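Q: Questions regarding the structure given below will be posed in turn.
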Amino acid sequence: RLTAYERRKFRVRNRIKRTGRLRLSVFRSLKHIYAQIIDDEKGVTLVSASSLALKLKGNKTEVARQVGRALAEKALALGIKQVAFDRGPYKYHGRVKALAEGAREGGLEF
Amino acid sequence: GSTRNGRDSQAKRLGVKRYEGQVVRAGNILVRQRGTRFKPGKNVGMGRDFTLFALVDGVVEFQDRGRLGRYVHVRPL
Amino acid sequence: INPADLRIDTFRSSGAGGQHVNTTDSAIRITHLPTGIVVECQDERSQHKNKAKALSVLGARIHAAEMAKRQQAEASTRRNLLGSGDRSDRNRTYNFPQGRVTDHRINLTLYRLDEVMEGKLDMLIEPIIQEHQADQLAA
Amino acid sequence: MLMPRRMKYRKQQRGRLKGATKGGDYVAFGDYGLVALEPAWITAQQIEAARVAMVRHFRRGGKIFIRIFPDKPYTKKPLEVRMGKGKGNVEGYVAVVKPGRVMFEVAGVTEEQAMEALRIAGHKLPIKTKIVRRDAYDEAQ
Amino acid sequence: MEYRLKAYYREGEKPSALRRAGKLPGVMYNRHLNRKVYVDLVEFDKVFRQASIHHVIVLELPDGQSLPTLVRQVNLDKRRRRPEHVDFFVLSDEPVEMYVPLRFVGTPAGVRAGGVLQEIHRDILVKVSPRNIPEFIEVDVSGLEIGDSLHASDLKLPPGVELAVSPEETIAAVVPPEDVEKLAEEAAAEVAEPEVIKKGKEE
RNA sequence: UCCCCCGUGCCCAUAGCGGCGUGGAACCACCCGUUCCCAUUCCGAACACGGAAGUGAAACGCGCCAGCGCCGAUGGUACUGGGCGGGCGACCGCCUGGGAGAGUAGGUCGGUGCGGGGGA
RNA sequence: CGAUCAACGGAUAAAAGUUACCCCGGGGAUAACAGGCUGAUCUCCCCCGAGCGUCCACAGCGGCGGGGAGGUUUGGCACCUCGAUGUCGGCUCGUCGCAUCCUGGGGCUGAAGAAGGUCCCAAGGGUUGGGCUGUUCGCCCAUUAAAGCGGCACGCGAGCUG
RNA sequence: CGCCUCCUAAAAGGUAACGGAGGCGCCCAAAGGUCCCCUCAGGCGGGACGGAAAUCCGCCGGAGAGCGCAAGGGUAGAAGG
RNA sequence: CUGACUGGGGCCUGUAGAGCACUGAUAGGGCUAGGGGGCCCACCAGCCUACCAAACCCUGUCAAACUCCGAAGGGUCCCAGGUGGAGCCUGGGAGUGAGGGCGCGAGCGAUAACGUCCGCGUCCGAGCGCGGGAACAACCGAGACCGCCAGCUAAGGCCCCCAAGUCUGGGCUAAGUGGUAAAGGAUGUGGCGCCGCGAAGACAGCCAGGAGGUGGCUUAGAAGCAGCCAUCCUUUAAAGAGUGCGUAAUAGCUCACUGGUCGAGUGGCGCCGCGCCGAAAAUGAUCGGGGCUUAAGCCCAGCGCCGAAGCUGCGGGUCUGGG
Ligand SMILES: [Mg+2]
Ligand SMILES: [Mg+2]
Ligand SMILES: [Mg+2]
Ligand SMILES: [Mg+2]
Ligand SMILES: [Mg+2]
Ligand SMILES: [Mg+2]
Ligand SMILES: [Mg+2]
Ligand SMILES: [Mg+2]
Ligand SMILES: [Mg+2]
Ligand SMILES: [Mg+2]
Ligand SMILES: [Mg+2]
Ligand SMILES: [Mg+2]
Ligand SMILES: [Mg+2]
Ligand SMILES: [Mg+2]
Ligand SMILES: [Mg+2]
Ligand SMILES: [Mg+2]
Ligand SMILES: [Mg+2]
Ligand SMILES: [Mg+2]
Ligand SMILES: [Mg+2]
Ligand SMILES: [Mg+2]
Ligand SMILES: [Mg+2]
Ligand SMILES: [Mg+2]
Ligand SMILES: [Mg+2]
Ligand SMILES: [Mg+2]
Ligand SMILES: [Mg+2]
Ligand SMILES: [Mg+2]
Ligand SMILES: [Mg+2]
Ligand SMILES: [Mg+2]
Ligand SMILES: [Mg+2]
Ligand SMILES: [Mg+2]
Ligand SMILES: [Mg+2]
Ligand SMILES: [Mg+2]
Ligand SMILES: [Mg+2]
Ligand SMILES: [Mg+2]
Ligand SMILES: [Mg+2]
Ligand SMILES: [Mg+2]
Ligand SMILES: [Mg+2]
Ligand SMILES: [Mg+2]
Ligand SMILES: [Mg+2]
Ligand SMILES: [Mg+2]
Ligand SMILES: [Mg+2]
Ligand SMILES: [Mg+2]
Ligand SMILES: [Mg+2]
Ligand SMILES: [Mg+2]
Ligand SMILES: [Mg+2]
Ligand SMILES: [Mg+2]
Ligand SMILES: [Mg+2]
Ligand SMILES: [Mg+2]
Ligand SMILES: [Mg+2]
Ligand SMILES: [Mg+2]
Ligand SMILES: [Mg+2]
Ligand SMILES: [Mg+2]
Ligand SMILES: [Mg+2]
Ligand SMILES: [Mg+2]
Ligand SMILES: [Mg+2]
Ligand SMILES: [Mg+2]
Ligand SMILES: [Mg+2]
Ligand SMILES: [Mg+2]
Ligand SMILES: [Mg+2]
Ligand SMILES: [Mg+2]
Ligand SMILES: [Mg+2]
Ligand SMILES: [Mg+2]
Ligand SMILES: [Mg+2]
Ligand SMILES: [Mg+2]
Ligand SMILES: [Mg+2]
Ligand SMILES: [Mg+2]
Ligand SMILES: [Mg+2]
Ligand SMILES: [Mg+2]
Ligand SMILES: [Mg+2]
Ligand SMILES: [Mg+2]
Ligand SMILES: [Mg+2]
Ligand SMILES: [Mg+2]
Ligand SMILES: [Mg+2]
Ligand SMILES: [Mg+2]
Ligand SMILES: [Mg+2]
Ligand SMILES: [Mg+2]
Ligand SMILES: [Mg+2]
Ligand SMILES: [Mg+2]
Ligand SMILES: [Mg+2]
Ligand SMILES: [Mg+2]
Ligand SMILES: [Mg+2]
Ligand SMILES: [Mg+2]
Ligand SMILES: [Mg+2]
Ligand SMILES: [Mg+2]
Ligand SMILES: [Mg+2]
Ligand SMILES: [Mg+2]
Ligand SMILES: [Mg+2]
Ligand SMILES: [Mg+2]
Ligand SMILES: [Mg+2]
Ligand SMILES: [Mg+2]
Ligand SMILES: [Mg+2]
Ligand SMILES: [Mg+2]
Ligand SMILES: [Mg+2]
Ligand SMILES: [Mg+2]
Ligand SMILES: [Mg+2]
Ligand SMILES: [Mg+2]
Ligand SMILES: [Mg+2]
Ligand SMILES: [Mg+2]
Ligand SMILES: [Mg+2]
Ligand SMILES: [Mg+2]
Ligand SMILES: [Mg+2]
Ligand SMILES: [Mg+2]
Ligand SMILES: [Mg+2]
Ligand SMILES: [Mg+2]
Ligand SMILES: [Mg+2]
Ligand SMILES: [Mg+2]
Ligand SMILES: [Mg+2]
Ligand SMILES: [Mg+2]
Ligand SMILES: [Mg+2]
Ligand SMILES: [Mg+2]
Ligand SMILES: [Mg+2]
Ligand SMILES: [Mg+2]
Ligand SMILES: [Mg+2]
Ligand SMILES: [Mg+2]
Ligand SMILES: [Mg+2]
Ligand SMILES: [Mg+2]
Ligand SMILES: [Mg+2]
Ligand SMILES: [Mg+2]
Ligand SMILES: [Mg+2]
Ligand SMILES: [Mg+2]
Ligand SMILES: [Mg+2]
Ligand SMILES: [Mg+2]
Ligand SMILES: [Mg+2]
Ligand SMILES: [Mg+2]
Ligand SMILES: [Mg+2]
Ligand SMILES: [Mg+2]
Ligand SMILES: [Mg+2]
Ligand SMILES: [Mg+2]
Ligand SMILES: [Mg+2]
Ligand SMILES: [Mg+2]
Ligand SMILES: [Mg+2]
Ligand SMILES: [Mg+2]
Ligand SMILES: [Mg+2]
Ligand SMILES: [Mg+2]
Ligand SMILES: [Mg+2]
Ligand SMILES: [Mg+2]
Ligand SMILES: [Mg+2]
Ligand SMILES: [Mg+2]
Ligand SMILES: [Mg+2]
Ligand SMILES: [Mg+2]
Ligand SMILES: [Mg+2]
Ligand SMILES: [Mg+2]
Ligand SMILES: [Mg+2]
Ligand SMILES: [Mg+2]
Ligand SMILES: [Mg+2]
Ligand SMILES: [Mg+2]
Ligand SMILES: [Mg+2]
Ligand SMILES: [Mg+2]
Ligand SMILES: [Mg+2]
Ligand SMILES: [Mg+2]
Ligand SMILES: [Mg+2]
Ligand SMILES: [Mg+2]
Ligand SMILES: [Mg+2]
Ligand SMILES: [Mg+2]
Ligand SMILES: [Mg+2]
Ligand SMILES: [Mg+2]
Ligand SMILES: [Mg+2]
Ligand SMILES: [Mg+2]
Ligand SMILES: [Mg+2]
Ligand SMILES: [Mg+2]
Ligand SMILES: [Mg+2]
Ligand SMILES: [Mg+2]
Ligand SMILES: [Mg+2]
Ligand SMILES: [Mg+2]
Ligand SMILES: [Mg+2]
Ligand SMILES: [Mg+2]
Ligand SMILES: [Mg+2]
Ligand SMILES: [Mg+2]
Ligand SMILES: [Mg+2]
Ligand SMILES: [Mg+2]
Ligand SMILES: [Mg+2]
Ligand SMILES: [Mg+2]
Ligand SMILES: [Mg+2]
Ligand SMILES: [Mg+2]
Ligand SMILES: [Mg+2]
Ligand SMILES: [Mg+2]
Ligand SMILES: [Mg+2]
Ligand SMILES: [Mg+2]
Ligand SMILES: [Mg+2]
Ligand SMILES: [Mg+2]
Ligand SMILES: [Mg+2]
Ligand SMILES: [Mg+2]
Ligand SMILES: [Mg+2]
Ligand SMILES: [Mg+2]
Ligand SMILES: [Mg+2]
Ligand SMILES: [Mg+2]
Ligand SMILES: [Mg+2]
Ligand SMILES: [Mg+2]
Ligand SMILES: [Mg+2]
Ligand SMILES: [Mg+2]
Ligand SMILES: [Mg+2]
Ligand SMILES: [Mg+2]
Ligand SMILES: [Mg+2]
Ligand SMILES: [Mg+2]
Ligand SMILES: [Mg+2]
Ligand SMILES: [Mg+2]
Ligand SMILES: [Mg+2]
Ligand SMILES: [Mg+2]
Ligand SMILES: [Mg+2]
Ligand SMILES: [Mg+2]
Ligand SMILES: [Mg+2]
Ligand SMILES: [Mg+2]
Ligand SMILES: [Mg+2]
Ligand SMILES: [Mg+2]
Ligand SMILES: [Mg+2]
Ligand SMILES: [Mg+2]
Ligand SMILES: [Mg+2]
Ligand SMILES: [Mg+2]
Ligand SMILES: [Mg+2]
Ligand SMILES: [Mg+2]
Ligand SMILES: [Mg+2]
Ligand SMILES: [Mg+2]
Ligand SMILES: [Mg+2]
Ligand SMILES: [Mg+2]
Ligand SMILES: [Mg+2]
Ligand SMILES: [Mg+2]
Ligand SMILES: [Mg+2]
Ligand SMILES: [Mg+2]
């Protein structure tokens, strides 16, 4: 017995995995937001970023954008340029969108 | 006395066409099937009739993933 | 149609057909030993298509001859009970002048036409039933 | 007599009679059993004649268990047709029986009664039979 | 009460040769051991017809050991109706699931009225200690009419023995007898010809 | 490199059902709101945003339990590639090599890769 | 774009019957007769013993089922024969089988006797004349010890009949 | 009489008979493309007209529904709404 | 050198078998809708079941078009062995496109056909050349280049026809079984194995008794042989309220039974052997014949021999290859 949340999660992720690009996964809790860039071909996380690790503070949307910029900076340092956005169970909107936009501003390619 | 039967359709010659370990070129049909008895794996596309074919030159590999199904892959050479 | 009373006679048919009529028998000719009815056919070429019609017409006479002897028995009986003497004869006469319901079998006359020709009467048949015991019993 | 109340298909290929029974080889209900010693298609006519043979011996009393069921249709072309023109019509049903099957079982009855009833029933069947009584080997199954 | 049976170890001997020599191949095992054995056929038959799977059989091994076992499985030759293999379950101090004979005490009143006592279970599955194995379990069937039934819930269990089947499991029933008076209606009973289940645009 | 939690993968029920117990510092959840972005064929349930008074009740995580589900030998057999025989046949045997399924003993209330936050 | 070219690789744009008045080329690659293989059907004999037979399963019977025999029926197959194997019935002449119609011997009998029933042995000889019908078959008349059943290319047309 | 599905087909493919069973000669301007969102049948209990079955509520539920039509394969980690 | 075939390794499969998780089938229970029949009722509720009977469950089963399972095998690829009247590639020339028997797997048929239609194989076809099978295309043996008055074998055989043992060791069968068949029947006969019953003397014969209450649902007058319902008990063996003659009245004989006798084993399963009945068709019979009985039959174990156009020896021909 799965839920709409797990089904929606499998649905969007399976489609992402199929293109073979490195995936930018985003987890969004009530307080924080987390992002890890994953090589599903080895099952390994390459670069990480989160509000909980950056001690970010204020408005959730502006916070997300900043963790997005941070993830980009650390990614480019590793030669990671092209990526595929994994919105998971979340609509592309608000905080998740902000993180994506922040990642793009940093030169991350998608 | 007569028959109300006597009909049958042409055999369709479905099945796997390239077995695990076989050297294929991009485009080689790997499996002919009805529905997804095998699912497309790495470097394997699927046509509108569920046909699996190689996307790259390489070697065929099969994999049984339980409830996730059986997959056909091509490993580049 | 049960077989213990049937002797079936086979042999060659009679008429056109060529060398097949000459050689192959194919003329079934059954004989129903208890009733005596003999229905015998040669119409289709096979004696087994001929066996079918032979059996299917023996029944049509085993049933016809029994239904006769039973309806011949139904008219010999009924003709006696009703009696052609329906001018004035056998059982009872019902007076509507003076109400004398009488049965000439015994004699017993009474005025119960009101209670009989307007209802039941199971007790006024009793003497006709009782006088008919002592009719048989005493002799 | 015995025949399926309904079926998915009217007519059935004949198949084969290889080997000992798949199952049903041990006494499972009554005290004595009638075991088949050679393979055959057993007709519902034969089954019911064996049954009637047993109840008419018991006269009143006992319990008979029939452990084979004729679900296989038997086909025969009309007399005097030639080959072809399709499969013949269903004329009856048979129970496929192979060596070792317990076909009938009796209970509630003395030994001599059980021996005699099953013997007479064996005479109504187209195969050699053997009378057996319940064993620990049977209970252990 | 308790039976003894000389057993012997086997290794590479072919089972066919053993049985042609009058020896019944077998295996003896539990969670600690597993050994290929064989016993003399006629000797085992004398024991098993009494012991069945209900009473303990101790195996007198050639190395001097003596192990208490229960017969756990007997494979029958389907054709010849003869045993070809035995599983001996080596018993130990732990409680064990096993089958215990049912003794149907009394004559059912339905039987007095002409009925028949159908003995659905002649034993019952039970968890119990090997030191605690009863010989039977009595059951009072004299109250059963045609057609009444007893279940495993109605079983009075002795001390230290625990029912291992659902108490809903029926264990006996008193059924109506066979009767020639019914033959006449059964022979003149007409059967409706079998209906074929529809396929395609019919279903 | 150890313990807890949060992500995300692998094995594809030995991982599930049920029952019980446990956890809110942290994390996660409910939770508070519905101004704003966004949303309901009605409904802030969901989706979404802004929040932090409360609660681990639900959910989730972590334990324990074998009633169910799942897994499951070892023996022996069926069947059989090849080789032979027997029977008038329906069919039955022998040799050599392979070898089930059901059942029995038993096994299981998961294991593991990566990256986070926390703890020693 | 125009195909029930649906006989769906679709001979013409355009097409049904009859021949006993018949013809040729072929085939025993393929039917009808006979044989053969088979034995479903046919005949006969067994197995079981439900029940009948006032009583009594088996004098005589034999429910439902079971196993055979034969190769006389009608079929199945298409194996020799289509550069020919003449077919029904009758006549003539037989010969053989025995599952025996008579006669001879015998067992049981619900065998008093006489006459029967049934079963065993037995194939030596015998087994009538007529009416009807092309008939085989069958019905009928008058008899009889009896009025047997089958095989032989349903014996027999280089013997006849037609 | 052509085409499809299943079997006979003897675990690759293929495989005959006047063998066993069913369908096709269409359909859809959305019943198509792409994004997003949603999960069924059935069973039990609750519920005005209202029932075996309208709609509503709750619990149980891996797919036995649905997928335009035959059958098969496939399928809710959608191909279904 | 890539071939058929073979070794290893990977993968593909849903058959045999088996199973019942699905589709259906399914007997017998349990449990329980729905009806049915019976109660009490219509006040609408209320009770019975051994009638039928959905689901569900248990026991027990079935299936080409059912599968939770699932072989042996097969296919295909890779590396290897494999130099063969092998393989690939391109051209020239065909013939064939009526097949048949056998073994196995099925369908059809009737678990009929010297039947029919497929699959795998095989042989005939074309090996109607050779040895065996009495004779006989396809069963067994065996692929004939020619010559030999040399040898070794194959199937099959070794008493005579008729080449080779009237060979050797232990059995079985009296039916000429062998030398032509089924259900089923039968103290034929021969083995094993395993239970009963057996010292207050058995089975079989002689001997003495073998009774008393003596009637019932009870009657077509028969307590006991008349149809049932009957099965109590006793006169200090303890002898039926009854199996065979009279009976819609009785005798009397008889067993089961008890004792007395004379002086030694008896019955039952199960596996196996070999025989018996069941067993009737048409020109004259017969296993090929003659003939065969501790076999000249059958089973087991042995040594030897005969036996072909197979193999060897010797000589020759021709082609190919190698010198
Ligand atoms: Mg939320
Ligand atoms: Mg038709
Ligand atoms: Mg067909
Ligand atoms: Mg067609
Ligand atoms: Mg085809
Ligand atoms: Mg085809
Ligand atoms: Mg097909
Ligand atoms: Mg395949
Ligand atoms: Mg498509
Ligand atoms: Mg496509
Ligand atoms: Mg692998
Ligand atoms: Mg790969
Ligand atoms: Mg005429
Ligand atoms: Mg003509
Ligand atoms: Mg004819
Ligand atoms: Mg068939
Ligand atoms: Mg039959
Ligand atoms: Mg048939
Ligand atoms: Mg015809
Ligand atoms: Mg014909
Ligand atoms: Mg046909
Ligand atoms: Mg048929
Ligand atoms: Mg029938
Ligand atoms: Mg069977
Ligand atoms: Mg029989
Ligand atoms: Mg079982
Ligand atoms: Mg985690
Ligand atoms: Mg707590
Ligand atoms: Mg919890
Ligand atoms: Mg907290
Ligand atoms: Mg707190
Ligand atoms: Mg607002
Ligand atoms: Mg604002
Ligand atoms: Mg708050
Ligand atoms: Mg909690
Ligand atoms: Mg969650
Ligand atoms: Mg298992
Ligand atoms: Mg094993
Ligand atoms: Mg084999
Ligand atoms: Mg066979
Ligand atoms: Mg083997
Ligand atoms: Mg082996
Ligand atoms: Mg298997
Ligand atoms: Mg297993
Ligand atoms: Mg678990
Ligand atoms: Mg849990
Ligand atoms: Mg994990
Ligand atoms: Mg990994
Ligand atoms: Mg950390
Ligand atoms: Mg046109
Ligand atoms: Mg049409
Ligand atoms: Mg055409
Ligand atoms: Mg045309
Ligand atoms: Mg077309
Ligand atoms: Mg055409
Ligand atoms: Mg075509
Ligand atoms: Mg044409
Ligand atoms: Mg044209
Ligand atoms: Mg044209
Ligand atoms: Mg034109
Ligand atoms: Mg025309
Ligand atoms: Mg035309
Ligand atoms: Mg013309
Ligand atoms: Mg004319
Ligand atoms: Mg004319
Ligand atoms: Mg003229
Ligand atoms: Mg003229
Ligand atoms: Mg004219
Ligand atoms: Mg002319
Ligand atoms: Mg001509
Ligand atoms: Mg011409
Ligand atoms: Mg000509
Ligand atoms: Mg011919
Ligand atoms: Mg032709
Ligand atoms: Mg012909
Ligand atoms: Mg003809
Ligand atoms: Mg002809
Ligand atoms: Mg003909
Ligand atoms: Mg003919
Ligand atoms: Mg002729
Ligand atoms: Mg001829
Ligand atoms: Mg002839
Ligand atoms: Mg013949
Ligand atoms: Mg016959
Ligand atoms: Mg015959
Ligand atoms: Mg014959
Ligand atoms: Mg017949
Ligand atoms: Mg006979
Ligand atoms: Mg008899
Ligand atoms: Mg009588
Ligand atoms: Mg009598
Ligand atoms: Mg009687
Ligand atoms: Mg008789
Ligand atoms: Mg009869
Ligand atoms: Mg028969
Ligand atoms: Mg003939
Ligand atoms: Mg004839
Ligand atoms: Mg014919
Ligand atoms: Mg004929
Ligand atoms: Mg012909
Ligand atoms: Mg011909
Ligand atoms: Mg032919
Ligand atoms: Mg001709
Ligand atoms: Mg000529
Ligand atoms: Mg000529
Ligand atoms: Mg001529
Ligand atoms: Mg001539
Ligand atoms: Mg005679
Ligand atoms: Mg005489
Ligand atoms: Mg006489
Ligand atoms: Mg006399
Ligand atoms: Mg007299
Ligand atoms: Mg006499
Ligand atoms: Mg006699
Ligand atoms: Mg006699
Ligand atoms: Mg004579
Ligand atoms: Mg004579
Ligand atoms: Mg004569
Ligand atoms: Mg005359
Ligand atoms: Mg005349
Ligand atoms: Mg005449
Ligand atoms: Mg005249
Ligand atoms: Mg006539
Ligand atoms: Mg007349
Ligand atoms: Mg006279
Ligand atoms: Mg006389
Ligand atoms: Mg004559
Ligand atoms: Mg004829
Ligand atoms: Mg004749
Ligand atoms: Mg003639
Ligand atoms: Mg004649
Ligand atoms: Mg003539
Ligand atoms: Mg003539
Ligand atoms: Mg002549
Ligand atoms: Mg002539
Ligand atoms: Mg002449
Ligand atoms: Mg002539
Ligand atoms: Mg004339
Ligand atoms: Mg004329
Ligand atoms: Mg196929
Ligand atoms: Mg297939
Ligand atoms: Mg295939
Ligand atoms: Mg195959
Ligand atoms: Mg192909
Ligand atoms: Mg159609
Ligand atoms: Mg859309
Ligand atoms: Mg629902
Ligand atoms: Mg409701
Ligand atoms: Mg309501
Ligand atoms: Mg409702
Ligand atoms: Mg579906
Ligand atoms: Mg439809
Ligand atoms: Mg090479
Ligand atoms: Mg190769
Ligand atoms: Mg190769
Ligand atoms: Mg290989
Ligand atoms: Mg099978
Ligand atoms: Mg099932
Ligand atoms: Mg089961
Ligand atoms: Mg089967
Ligand atoms: Mg099966
Ligand atoms: Mg199949
Ligand atoms: Mg299958
Ligand atoms: Mg398994
Ligand atoms: Mg394999
Ligand atoms: Mg292979
Ligand atoms: Mg391989
Ligand atoms: Mg090589
Ligand atoms: Mg060559
Ligand atoms: Mg060649
Ligand atoms: Mg070369
Ligand atoms: Mg040339
Ligand atoms: Mg040339
Ligand atoms: Mg040609
Ligand atoms: Mg031909
Ligand atoms: Mg052809
Ligand atoms: Mg052919
Ligand atoms: Mg062939
Ligand atoms: Mg021949
Ligand atoms: Mg063959
Ligand atoms: Mg075959
Ligand atoms: Mg087939
Ligand atoms: Mg038959
Ligand atoms: Mg043929
Ligand atoms: Mg044949
Ligand atoms: Mg055949
Ligand atoms: Mg052909
Ligand atoms: Mg030729
Ligand atoms: Mg040859
Ligand atoms: Mg050849
Ligand atoms: Mg020849
Ligand atoms: Mg010869
Ligand atoms: Mg010779
Ligand atoms: Mg020959
Ligand atoms: Mg020869
Ligand atoms: Mg030859
Ligand atoms: Mg040569
Ligand atoms: Mg020599
Ligand atoms: Mg030799
Ligand atoms: Mg000789
Ligand atoms: Mg000599
Ligand atoms: Mg000697
Ligand atoms: Mg004799
Ligand atoms: Mg002889
Ligand atoms: Mg003889
Ligand atoms: Mg016998
Ligand atoms: Mg016999
Ligand atoms: Mg004997
Ligand atoms: Mg004997
Ligand atoms: Mg009485
Ligand atoms: Mg004999
Ligand atoms: Mg000797
Ligand atoms: Mg020689
Ligand atoms: Mg020589
Ligand atoms: Mg040579
Ligand atoms: Mg030389
Ligand atoms: Mg040379
Ligand atoms: Mg050469």
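Q: How big is the charge dipole of the protein assembly as shown about its Cα centre, in debye rounded to the nearest 20, if each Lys and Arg gets +1 on its Cβ and each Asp and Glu gets -1 on its Cβ?
A: My answer is approximately 6180 debye.
Q: Taking amide hydrogens as modeled 1.01 Å from N in the peptide plane, which residues meet the under 5 Å criterion relative to E:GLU138, leaving out close sequence neighbours?
A: Residues meeting the criterion, in which the H sits 1.01 Å from N, are E:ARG103.
Q: Treat every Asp and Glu Cβ in chain A as -1 and every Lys and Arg Cβ as +1, leave all other atoms uncharged, and give the resulting dipole magnitude about the Cα centre to the nearest 20 debye.
A: For this selection, approximately 580 debye.
Q: Along the Cα→Cβ direction, 7 angstrom out, place labels at C:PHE11 and E:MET1. What is the inter-label distance in nm?
A: In this crude label model, C:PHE11 to E:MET1 measures out at 9.0 nm.
Q: What 222 nm value per residue comes from the helices of chain A, counting each DSSP H run with n ≥ 4 as -39,500 (n - 2.57) and dividing by all residues, nearest 500 deg cm²/dmol?
A: -13000 deg cm²/dmol
Q: Using only Cα atoms, tell me the angle between helix D:44-58 and the longest principal axis of chain D; keep it within 0 to 90° and round to the nearest 10.
A: 20 degrees
Q: How big is the dipole moment of chain E about its Cα centre under a simple scheme where the beta carbon of each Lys and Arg is +1, that of each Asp and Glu is -1, and everything else is neutral? Debye, nearest 20, please.
A: With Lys and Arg at +1 and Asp and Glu at -1, about 1540 debye.
Q: I want to check the label-to-label distance for B:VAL56 and D:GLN45. Put each point 7 Å from Cα in the C-beta direction and report it in nm to one decimal.
A: It is 7.3 nm.
Q: Right, here's the next one. Report the rotationally averaged projected area of segment A:6-110 based on its alpha-carbon convex hull, in square nanometres.
A: 6.1 nm²
Q: In degrees from 0 to 90, rounded to the nearest 10, what is the angle of the helix C:47-82 Cα long axis to the longest principal axis of chain C?
A: 20 degrees
Q: Trypsin sites (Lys or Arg not before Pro), restricted to segment E:19-91: which are DSSP loop and have at most 13 other Cβ atoms within 10 Å?
A: Counting only loop positions with at most 13 other Cβ atoms within 10 Å, the trypsin sites (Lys or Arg not before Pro) in segment E:19-91 are E:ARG31, E:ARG80.
Q: In the P(r) worked out for chain E, what percent of Cα pairs fall beyond 30 Å?
A: Summing the P(r) tail past 30 Å for chain E gives 45 percent.
Q: Once each part is reduced to its C-alpha centroid, what is the distance from segment C:63-84 to segment E:1-75 in angstrom?
A: 86 Å
Q: Still on this structure, I have one more. Dividing the Cα radius of gyration by the Kirkwood radius, what Rg/Rh value follows for segment E:19-82?
A: When Rh is taken as the Kirkwood radius, the ratio is 0.95.
Q: Could you compute the FRET efficiency for C:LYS69 and C:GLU44, with r as their C-beta to C-beta distance and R0 at 22 Å, rounded to 0.05?
A: After rounding to 0.05, the efficiency reads 0.10.
Q: Can I ask one more? Compare E:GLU181, E:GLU193, E:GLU84 in a GNM of chain E, Cα atoms joined below 10 Å, and give the one with the largest fluctuation.
A: Maximum among the listed residues: E:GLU193.
Q: Distance from a point 7 Å along Cα→Cβ of E:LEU157 to each backbone N in segment E:97-120: keep the residues under 17 Å and list them by number.
A: Backbone N within reach: E:97-103.
Q: Taking the highest mean first, how do the peptides B:17-24, B:5-12, B:38-45 order by number of other beta carbon atoms within 10 angstrom per residue?
A: The peptides rank, most packed first, as B:38-45, B:17-24, B:5-12.
Q: Could the peptides E:162-171, A:64-73 be put in order, highest first, of the mean number of other beta-carbon atoms found within 10 Å of their residues?
A: A:64-73, E:162-171
Q: I've got another one for you. Going by alpha carbons, how many degrees (0 to 90, nearest 10) lie between the helix axis of D:111-123 and the longest principal axis of chain D?
A: Taking the Cα atoms of chain D, the angle to D:111-123 is about 20 degrees.
Q: Counting only other chains, what is the mean number of Cβ atoms within 10 angstrom of the Cβ of each residue in peptide D:54-63?
A: Average neighbour count from other chains, rounded to a whole number: 5.
Q: Shifting gears a bit: In chain D, with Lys and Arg counted as +1 and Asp and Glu as -1 at Cβ, which of these residues, D:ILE66, D:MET3, D:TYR32, has the Cα nearest the positive end of the dipole, that is, farthest along it?
A: Going by the Cα projections, it comes out as D:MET3.
Q: Dividing the convex hull volume of the Cα atoms of chain B by its residue count, what figure in Å³ per residue is obtained?
A: 119 Å³
Q: Round to a whole angstrom and tell me the spacing of the C-alpha centers of segment A:26-87 and segment B:2-77.
A: About 39 Å separates the Cα centre of segment A:26-87 from the one of segment B:2-77.
Q: According to the Cα gyration tensor, what semi-axes, each the square root of 5 times an eigenvalue, does the equivalent ellipsoid of the protein assembly as shown have, listed from largest to smallest in whole Å?
A: For the protein assembly as shown, the semi-axes come out at 79, 46, 38 Å.
Q: Just tell me how shielded D:80-90 is by partners: mean number of partner chain Cβ atoms within 10 Å of each residue's Cβ, no decimals.
A: That average works out to 2.
Q: Let me ask something additional. Which of E:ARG4, B:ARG4 comes first, and how do the rest follow, when ranked by fewest Cβ neighbours within 10 Å?
A: Ordered from fewest to most neighbouring Cβ atoms within 10 Å, E:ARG4, B:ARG4 come out as B:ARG4, E:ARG4.
Q: Continuing with this model, one more query. So which trypsin sites (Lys or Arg not before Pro) in segment E:105-203 are both in a DSSP loop and have at most 14 other Cβ atoms within 10 Å of their Cβ?
A: When the trypsin sites (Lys or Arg not before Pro) of segment E:105-203 are filtered for loop state and at most 14 Cβ neighbours within 10 Å, E:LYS156, E:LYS198, E:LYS199, E:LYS201 remain.
Q: Moving to a separate point now. Using Cβ counts within 10 Å as a stand-in for footprinting exposure, how do B:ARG67, A:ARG21 rank, fewest first?
A: Ascending number of Cβ neighbours within 10 Å: B:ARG67, A:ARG21.
Q: Ok, one more. Can you compute the modelled spin-label distance between E:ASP148 and E:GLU43, with each label point 7 Å from Cα toward Cβ, in nm?
A: Distance between the two pseudo-spin positions: 4.9 nm.
Q: Please enumerate, by chain and number, the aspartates and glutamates with C-alpha under 14 Å from the C-alpha of D:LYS98, excluding those fewer than 8 residues away in the same chain.
A: D:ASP25, D:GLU38, E:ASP77
Q: Please report, to two decimal places, log10 I(q)/I(0) for segment D:25-141 at q = 0.17, 0.18, 0.19 Å⁻¹ as given by the Debye formula with identical point scatterers on the Cα atoms and no solvent.
A: -0.80, -0.87, -0.94
Q: Right, here's the next one. What average count of beta carbons from other chains do you get within 10 Å of the Cβ of residues in E:75-83?
A: Neighbouring Cβ atoms belonging to other protein chains average 6 per residue here.
Q: Provide C:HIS132, E:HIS32, C:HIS32 in ascending order of the number of other Cβ atoms located within 10 Å of each residue's Cβ, fewest first.
A: E:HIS32, C:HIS132, C:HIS32
Q: So which trypsin sites (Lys or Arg not before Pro) in segment C:1-88 pass both tests, a DSSP loop state and at most 16 other Cβ atoms within 10 Å of the Cβ?
A: C:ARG45, C:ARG87
Q: Still on this structure, I have one more. Cross-link list D:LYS128/E:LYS14; D:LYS124/E:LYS182; D:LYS77/E:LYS78; B:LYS39/E:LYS199; D:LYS130/E:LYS6; B:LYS17/B:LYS42: which exceed 25 angstrom alpha carbon to alpha carbon?
A: From the list (D:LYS128/E:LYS14; D:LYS124/E:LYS182; D:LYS77/E:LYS78; B:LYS39/E:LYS199; D:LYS130/E:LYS6; B:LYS17/B:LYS42), the Cα-Cα distance tops 25 Å for D:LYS128/E:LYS14; D:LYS77/E:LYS78; B:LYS39/E:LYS199; D:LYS130/E:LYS6.
Q: Which whole-Hz couplings ³J(HN,Hα) result when phi for each residue of segment E:137-145 is put into the Karplus expression 6.51 cos²θ - 1.76 cosθ + 1.60, θ = phi - 60°, listed in order with x for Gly and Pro?
A: So the Karplus estimates, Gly and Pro as x, are 9, 6, 9, 8, 9, 5, x, 7, 8 Hz.
Q: If r is the Cβ-Cβ distance from A:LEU46 to A:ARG18 and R0 is 22 Å, what FRET efficiency results, to the nearest 0.05?
A: 0.70
Q: Considering amide H positions built from the backbone, and no H for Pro or chain starts, which residues 5 or more places from D:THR43, or on another chain, come under 5 Å of its amide H?
A: The list, which skips near neighbours in sequence, is D:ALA95.
Just so you know, all these numbers are worked out from the coordinates, no wet-lab data involved. Don't worry about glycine lacking a Cβ; one is built from the backbone with ideal geometry, like all the others, and counts go over all protein chains shown.
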